[PDB]
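To begin, one chain is listed below as structure tokens, in the form deposited in one PDB entry.
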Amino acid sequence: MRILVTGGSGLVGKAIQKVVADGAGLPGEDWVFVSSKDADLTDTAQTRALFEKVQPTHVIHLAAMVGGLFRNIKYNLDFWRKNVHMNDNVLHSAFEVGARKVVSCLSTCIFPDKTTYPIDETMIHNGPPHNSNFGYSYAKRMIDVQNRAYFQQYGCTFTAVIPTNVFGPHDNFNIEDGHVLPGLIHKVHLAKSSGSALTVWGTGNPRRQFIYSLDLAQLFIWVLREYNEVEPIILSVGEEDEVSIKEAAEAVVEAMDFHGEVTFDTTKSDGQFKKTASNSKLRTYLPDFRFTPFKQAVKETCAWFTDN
């Protein structure tokens, strides 16, 4: 086996890198983690050269333009164009090199805005996504479209995984361009240093399902090894384990032991209020998989941010 992991220097990439190094890589597996320095995946010639030099049997595609709510609201053309180029170059290069399996990465924010809850793997194209991230959403939706096209025309086992809001070490902690959990971890840290209050953006009422990067890294390694379906699989925590932004901010405030004031910038966008996903397909395959308790995983992430 030869596994080429694209975008291996990111949050999910370093998590798979840490899990494999901690004793998860089965004998006869060659793990090749690449970044933009190895090949700019928007460039067709650079990607073809990487897939030709590193001839893989299996591919974990993570390379993408990823940003927070406020980054997506700003650059939907960039999120659409840059991702479509990266996805087409990786999927078609893996096809011409003859890769046995390609597991791409999707998101729960790509799902239709007007839908029934909980969301499942069959509802992926049943209506338009949220207006804030339509660019990124459609780029990831077209991965599934391409996966179906390779499978129906050539028999390729090109599949995808649908994780929820991931968090953990080697995250983007830029408050402006980052997500809710790493953006609040840096906020509380600056508030402790400056002696200022914590300003949570929005109302704190939107509900989100969070997944620890290390947990999704273990599920990703399983998906590449035993999940033979072409249809995607939601890699998330249960519907009941959904929390609000207020609750998530409370977990960060407790983990960083912040005793200062917590205010809410009601004027800021809340984005999509809900995107409750059902992990029924995951629970039919892995009913014995145990997730890291949210408070323990937040504390571990907070400790890593203050340490590194």
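The first residue of the shown sequence is 1; numbering continues from there. Definition used throughout: the rigid core is the maximal C-alpha set that superposes within 1.5 Å between two forms.
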## Note on the structure
The stretch whose C-alpha atoms carry the larger average B-factor in the entry, 249-257 or 270-278, is 249-257
### Summary
For 54-62 versus 24-32, entry-based mean Cα B-factors point to 24-32
## Note on the structure
When the entry's CA B-factors for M142, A160, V97, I73 are compared, the highest one belongs to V97
### Task
By the entry's C-alpha temperature factors, tell me which of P128, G195, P118, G135 sits highest.
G195
### Task
Ordered by C-alpha B-factor within the chain, which third holds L69? Give me lowest, middle or highest, please.
lowest
#### Entry: Third of chain Cα B-factors occupied by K114
lowest
### Query
Considering only modelled residues of the same chain, in which third does the CA B-factor of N205 rank: lowest, middle or highest?
lowest
### Query
If you rank every modelled residue in this chain by C-alpha B factor, which third holds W80: lowest, middle or highest?
lowest
### Query
Among the modelled residues of its chain, does the C-alpha B-factor of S104 lie in the lowest, middle or highest third?
middle
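In what follows, reference is made to the form deposited in another entry, a form of this protein that is not presented.
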### Query
Taking the rigid core as reference, which of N147, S213, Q209, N72 is displaced at the C-alpha by at least 2 Å between this form and the one not shown?
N72
### Query
Are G68 and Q46 closer or farther apart at their Cα atoms in that other deposited form than shown, with the shift being 3 Å or more?
closer
### Summary
The CA atoms of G68 and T42 move 3 Å or more in that other deposited form, ending up closer
